[PDB]
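Given as structure tokens, the chain that follows is alone and in the form deposited in one PDB entry.
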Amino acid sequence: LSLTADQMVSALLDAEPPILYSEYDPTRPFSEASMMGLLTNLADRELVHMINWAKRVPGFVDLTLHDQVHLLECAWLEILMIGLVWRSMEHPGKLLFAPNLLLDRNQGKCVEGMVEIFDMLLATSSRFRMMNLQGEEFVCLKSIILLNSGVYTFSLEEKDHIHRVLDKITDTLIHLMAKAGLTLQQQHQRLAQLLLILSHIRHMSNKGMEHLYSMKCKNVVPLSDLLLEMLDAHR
């Protein structure tokens, strides 16, 4: 890649997917079927925008079509959750699923096994608030998840290309921290802090992926045709 650090950020920020709305009605109270219908409907529409966001991620179109499917199948719920955590940053104690859908930790109890996932998503958003995560770093992390969560489950030149694109986003992250006025020791620490949250996002995705399979078998609310294909990829 030839995109400089300032051009790397601009491309990622320009590719930011929209913030979709939900058909939630504040007059209608919540239930497990009502809530799971809204979240899966929202996640299904955000998928089609992520698929087009992935194409704009620098270096992603250079990969083969089969590799592009693998990276998305494994990291899609990771990208959805980190985007959710990023939107709920300035809304403590709540998860901003949609501009008209603020959910509490107590509201998340209307679905079985959902309260434990709300806490981790809440704690992750509280973590971004402590670090005061910037949008320039958020678009870098979200593109890292896309190119990292599935590169191990793999051709050597394609993996070589991914490792070169990942090193570019790393230098881009360090460049942002340098211009932000952080010492050479603080840039390494913040970089490490930003990469360790990616371990928790993988965990939230796994339990979130594991939770989606329970609803499918319980058949509480039917799942989308696209959302079900992603679910069979993991289990």
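If you superpose the two forms and keep the largest set of C-alpha atoms that fall within 1.5 Å, you have the rigid core. Residue positions are given as counts along the sequence shown, with the first one as 1. Residues that one form lacks are left out of the comparison.
Beyond the structure shown, there is the form deposited in another entry, which is absent from this document and is the topic of what follows.
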Task: CA of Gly181, rigid core aligned, shift of 2 Å or more between the shown form and the other one - done: no
TODO: Tell me, please, whether between the shown form and the other one the C-alpha of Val220 is shifted by 2 Å or more, with the rigid core used for superposition.
DONE: no
Task: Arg28 C-alpha shift between the shown form and the other one of 2 Å or more, rigid core reference - done: yes
Open item on the list: Closer or farther: how do the Cα atoms of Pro29 and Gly83 compare in the other entry versus the shown form, where the change is at least 3 Å?
Closed with: closer
TODO: Work out the direction of the Cα-Cα change for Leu47 and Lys218 in the other entry: closer or farther than in this form? It's 3 angstroms or more.
DONE: closer
Task: Structural rearrangement between the shown form and the other one, runs of 3 or more with C-alpha shift of 2 angstroms or more, core superposed - done: 24 to 30, 214 to 218
